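First, one chain by itself: the form deposited in one PDB entry, in structure tokens.
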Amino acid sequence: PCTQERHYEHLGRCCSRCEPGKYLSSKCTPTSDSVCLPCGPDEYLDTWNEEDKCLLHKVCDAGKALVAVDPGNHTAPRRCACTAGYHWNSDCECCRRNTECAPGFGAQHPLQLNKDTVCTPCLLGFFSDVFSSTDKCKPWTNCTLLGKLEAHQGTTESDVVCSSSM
């Protein structure tokens, strides 16, 4: 009668599994319990296991625009993320270029690492005249700062126009 986790049955006897960070070197015999040895350098196992050998940490390949956010250890996996301007895509297993928001749209802030840009339409009093994956909607120019008057109002795609009277 073995506990489903932390224990395993073999040769009709209850045997203890290996703790995370260790692998099963050899199964329990009639004379002894399991032999569990620590994972090698850059190797790991994150669960209570019965594994033949340990897993090798993935490479956060800079050549793939990847960088480590969590380095991992004998107990935990290494975690990678696409560097700025890119997001992970699980179809290509690659770091894809972030979506650009059209004019009249801005990038939702704050900008998430490893996640694609979300585009929102600019609100009244704000505009965007560019395709950009980073830029939010900027506010219309206030003509008084320029010492001028508002000639015509801006849109969500273009800025206000200022003119000097006489």
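Each form is matched to the other, and the largest set of C-alpha atoms that superpose within 1.5 Å is called the rigid core. Quick note: we count residues from 1 along the sequence shown, nothing fancier. Shifts are known only where both forms have a C-alpha.
**Q** Where do the C-alpha atoms have the higher mean temperature factor in this entry, in 157-165 or in 3-11?
**A** Between 3-11 and 157-165, it is 3-11 that shows the higher mean C-alpha B-factor.
**Q** Between 29-37 and 51-59, which has the larger average Cα B-factor in the PDB entry?
**A** Higher mean C-alpha B-factor in the PDB entry: 29-37.
**Q** Divide the modelled residues of the chain into thirds by Cα B-factor and specify which third, lowest, middle or highest, holds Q112.
**A** Within its chain, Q112 is a highest-third residue by C-alpha B-factor, going by the deposited values.
**Q** If you rank every modelled residue in this chain by C-alpha B factor, which third holds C18: lowest, middle or highest?
**A** Within its chain, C18 is a highest-third residue by C-alpha B-factor, going by the deposited values.
**Q** How does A151 rank on Cα B-factor within its chain, lowest, middle or highest third?
**A** Top third by C-alpha B-factor.
Below, we turn to the form deposited in another entry, even though it does not appear here.
**Q** Select from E100, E50, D116, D135 the only position whose Cα moves 2 Å or more between the shown form and the other one when the core is aligned.
**A** The displaced C-alpha is that of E50.
**Q** Please say whether, between the shown form and the other one, the C-alpha of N73 moves by 2 Å or more once the core is aligned.
**A** Yes; that C-alpha moves by at least 2 Å between the shown form and the other one.
**Q** Residues present in both forms, rigid core superposed: which consecutive runs of three or more show CA displacements of 2 Å or more between the shown form and the other one?
**A** Segments displaced between the shown form and the other one after core fit: 3-59, 68-78.
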